[PDB]
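Let me begin by presenting the structure, written as structure tokens, before commenting on it.
Nothing in this text is a laboratory measurement; each read-out follows from the coordinates by a stated rule. So basically every Cβ, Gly included, is an ideal-geometry build from the backbone, and we count neighbours across all protein chains shown.
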Amino acid sequence: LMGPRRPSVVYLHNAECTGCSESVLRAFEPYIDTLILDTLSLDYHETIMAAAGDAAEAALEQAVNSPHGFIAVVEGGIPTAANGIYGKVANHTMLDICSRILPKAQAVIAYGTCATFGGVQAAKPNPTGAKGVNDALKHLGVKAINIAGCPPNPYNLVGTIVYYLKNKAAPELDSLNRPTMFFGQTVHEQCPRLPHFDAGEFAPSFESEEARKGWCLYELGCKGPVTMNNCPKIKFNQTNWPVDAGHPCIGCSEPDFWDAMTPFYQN
Amino acid sequence: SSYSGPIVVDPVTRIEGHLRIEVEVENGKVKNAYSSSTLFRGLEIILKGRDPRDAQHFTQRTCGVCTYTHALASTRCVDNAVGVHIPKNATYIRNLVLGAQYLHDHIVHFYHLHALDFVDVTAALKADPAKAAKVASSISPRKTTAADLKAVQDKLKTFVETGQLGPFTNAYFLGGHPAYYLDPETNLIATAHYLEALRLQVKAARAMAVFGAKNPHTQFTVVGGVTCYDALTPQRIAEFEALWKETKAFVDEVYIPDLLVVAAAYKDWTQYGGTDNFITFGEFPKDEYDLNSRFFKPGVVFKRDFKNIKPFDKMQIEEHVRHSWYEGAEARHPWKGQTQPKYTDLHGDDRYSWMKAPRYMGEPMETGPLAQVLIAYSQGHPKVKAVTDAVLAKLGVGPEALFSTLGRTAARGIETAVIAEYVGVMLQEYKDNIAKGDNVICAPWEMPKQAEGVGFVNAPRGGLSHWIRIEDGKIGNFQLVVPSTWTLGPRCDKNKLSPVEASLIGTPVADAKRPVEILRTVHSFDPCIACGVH
Ligand code: SF4
Ligand code: SF4
Ligand code: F3S
Ligand SMILES: [Mg+2]
């Protein structure tokens, strides 16, 4: 699947919705074809790989044990309740899979709030005992770079990977192990509606003339003030982001946001 | 030289989510099958007690492939519960975003999930690019030259010669495979378009972000309508329209001709993976409270009796748990649903999946593009009839051909073509409405303390329904019944095989170590296991 030449990536899917994988497919300059043909060697990825079953399992083994080393990118939380049985691949629990593979990686990137912090399945009452990667595997000394969001901006993944390949090290990380180059500012301090906030000019409802005029969404629940992400700067799909579409930020790059940021339409 | 014994495919790749397929093979043909879904998250449990307005944000995360669809279903469900009638422009904008989702989803499915079951990418290196160009220019109004295709071949050659095959590592076609039929030139055409589709899908997804904030996981729906005042502007409408136009051109000039060239080479696939019963909910309403106002209408068909389409009665849905990892054996209507996990391991107490088994009037129902297309055809849908008949005539097959894996795959293309054109119609209607002076996109509403609601979406994989019971103004019960639940769920308490299971019976397997034939059928249903299980 790999040898010399391009750096090997092993991409794992735990308890996830595949939205994080889809975000990577939206990569722009570079595009995903450049990334998998020129930049990297994508050596395991269940969503798009040709092999299935036993052949897929052999491809993973081949990649993980390569003397050339690999980077792991992980999507989804690890279900730990009931000895991990809520999530299995190839009839191995995800806990067991990640426990075996991730300590072998040269670097691990937890991609998306589920892998970083536990995410949607970790929300109360957390029936599957879903944990983020670093929480789940702290005892094995795994320290994944956390690229948060639901899903993250794929700019932030590519940027992290490129940095790592160049510098052979992680970039500066915040106290949630997120790169400060992407997560160092709140959404709010970058928001175009900030002057309305300052002026106490809030939309009271989505149907209101104030909402039509682009007033601040704080009264309607906006969690921009407490959310670290680069959304207003980079935008999504080269064209938009939630507040410019008229909807509050739901805080999706923060830990425990499903429970901390709810009810989403209140502040 | 025909195998007897089990075959397990775990993981089934090139799907969303975590699926294990088990079959029994007798003399080279499948005689039995199990569809085992091996991840549970429990979103229904998590939602209990929460603000109904929050449901769409959680349930959207059911799935990032069929992103937006669950936000739409939940918002339709809570709109319905509170009795709000959203403005015409909110219906148009929600419909336009949904149409764009179908185009993105089906293009990615055909190329990036399904096609490696049928295309030997490495055989493309032995192709004659001039012969390939002529072939490609004969099937499409888009003219392709030898140099065009040589560029792809050169890139692939470099990639393959590095020995780092990446996503093609251990592919079932490496070394040759008796079930892979295409000539080198047709492989090269399909491989070129696989690669092209990787960039085109960026634009198809962008179309959703124009009005919908971002893809994946849109953020423009609210109870009562939508939030995106900017979507009223001529600039955003122009931006959408341009992306839609380019996406439709790709559908028309690249995807459908490729679908037809591959289907013609695999015409034996008309003989495998048929199903008996079909359910569809309709999509693209004029009236959010009348399914029969939708461009595609709802319906139910039993045992392929398309002369006798039955009305869809939402009270005849029950979800079984007898062969699922939940407590007990009692099927429930989703307004009385239960999500009580109880794992017994594979086939423990005859249970083998985290999916429930939805049954309609006790029967297992295929849903998705084949259901939507066949039922619309049978209802006289003129656009569906026109495209379907042209596809049939081009392939030289009769309508019986559609009841198969090839049929299903063709139906996905048919629906893509029809929806790509209908997006233009919706767009114009939207423009017309704005021009009338209607600039309203959200309606006021009030939260009842007690209510029941349901929202229906016909998503790219079929009939999606979200069901709420509001108690004390909070979520008392929230149940998702998802298209892949219908199609890939397990057996019910009457032991009836699900559509996927039944469809697999009779599958030939040439090489049990490389069971691409099983993949062809399973992939034709476009499984989404995060969806099916939630
Ligand atoms: S972080 Fe969000 S988008 Fe990514 S896998 Fe989790 S639920 Fe899906
Ligand atoms: S809309 Fe949200 S992020 Fe923008 S100024 Fe208001 S509170 Fe801040
Ligand atoms: S909801 Fe998420 S995508 Fe950005 S605008 Fe808020 S952090
Ligand atoms: Mg359900």
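Net charge of the neighbourhood of B:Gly225, taken over other residues with C-beta under 11 Å away and scored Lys/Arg +1, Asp/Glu -1, is -1. For B:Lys513, the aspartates and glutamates whose Cα falls under 14 Å of its own Cα, not counting residues fewer than eight places away in the same chain, are A:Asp54, A:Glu57, B:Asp10, B:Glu22, B:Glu24. Residue order for B:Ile518, A:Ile161, fewest other beta carbons within 10 angstrom first, comes to A:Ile161, B:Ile518. Cross-link partners for B:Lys143 among the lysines, with Cα-Cα distance under 18 Å and sequence neighbours closer than 8 places in the same chain left out: B:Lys131, B:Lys134, B:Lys248. Sorting B:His381, B:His177, B:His193 from the fewest to the most surrounding beta carbons within 10 angstrom yields B:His177, B:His381, B:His193.
A straight line joining the Cα centroids of the stretch B:194-212 and the stretch B:27-77 runs 24 Å. When the pairs B:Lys314/B:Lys356; A:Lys88/B:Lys336; B:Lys31/B:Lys267; B:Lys29/B:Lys303 are compared against a 25 Å limit on Cα-Cα distance, A:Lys88/B:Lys336 fall above it.
State whether chain B is rounded, prolate or oblate according to the following rule on the C-alpha gyration tensor (a ≥ b ≥ c being the square roots of its eigenvalues): a/c under 1.5 gives rounded; otherwise a/b larger than b/c gives prolate, and the remaining case gives oblate. In terms of gyration-tensor shape, oblate.
Of all DSSP beta bridges located in chain B, what percent are antiparallel, nearest 5? Here the antiparallel bridges make up roughly 95 percent for chain B. Mean sequence separation of contacting Cα pairs (under 8 Å, at least six apart), scaled by the length of chain B, corresponds to a relative contact order of 26 percent.
Put in line by how crowded their Cβ is, counting other Cβ atoms within 10 Å and starting with the fewest, B:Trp445, A:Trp258 read B:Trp445, A:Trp258. Separation of the alpha carbons by more than 19 angstrom is noted, of A:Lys168/A:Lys235; B:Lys150/B:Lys203; B:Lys297/B:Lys394; B:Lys310/B:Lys494; B:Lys48/B:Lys474, for A:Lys168/A:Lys235; B:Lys150/B:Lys203; B:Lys297/B:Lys394; B:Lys310/B:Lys494.
Restricting to the stretch A:3-182, compute how many DSSP beta bridges are antiparallel as a %, nearest 5.
Beta bridges within the stretch A:3-182, antiparallel portion: roughly 25 percent.
Would you mind finding the longest exposed-site-free stretch of chain B, with exposed GluC sites (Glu not before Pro) meaning DSSP loop and at most 14 other Cβ atoms within 10 Å?
Maximal segment without exposed cleavage sites: B:1-326.
Sequence-distant contacts, meaning Cα pairs under 8 Å at least 6 residues apart, place the relative contact order of chain A at 16 percent. Taking the Cα centre of the protein assembly as shown as origin and assigning +1 to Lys and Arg Cβ atoms and -1 to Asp and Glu Cβ atoms, the resulting dipole is close to 440 debye.
Once a ≥ b ≥ c are taken as the square roots of the eigenvalues of the Cα gyration tensor of the stretch A:183-267, is the result rounded (a/c under 1.5), prolate (a/b larger than b/c) or oblate (a/b not larger than b/c)? Since a/c reaches 1.5 but b/c is at least a/b, the shape of the stretch A:183-267 is classed as oblate. When the Cα positions of B:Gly348, B:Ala151, A:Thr39 are compared along the charge dipole of the protein assembly as shown, B:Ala151 comes out farthest toward the positive end, with charges on each C-beta of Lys, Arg, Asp and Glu.
Antiparallel versus total DSSP beta bridges in the protein assembly as shown: what percent is that, nearest 5? Roughly 75 percent of the beta bridges in the protein assembly as shown run antiparallel, per DSSP.
Under 13 Å from the Cβ of B:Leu188, count the other residues' Cβ atoms, weight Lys and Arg +1, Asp and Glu -1, and hand me the total. In short, -2. Computed log10 I(q)/I(0) for the stretch B:386-534 at 0.09, 0.12, 0.17 Å⁻¹: -0.50, -0.80, -1.14, from the Debye equation with unit scatterers placed on every C-alpha and solvent omitted. Placing pseudo-labels 7 Å out from each Cα toward the beta carbon at B:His347 and B:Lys431 gives an inter-label distance of 6.0 nm. Which of rounded, prolate or oblate describes the protein assembly as shown when judged by the alpha-carbon gyration tensor and an a/c cut-off of 1.5? Since a/c stays below 1.5, the shape of the protein assembly as shown is classed as rounded.
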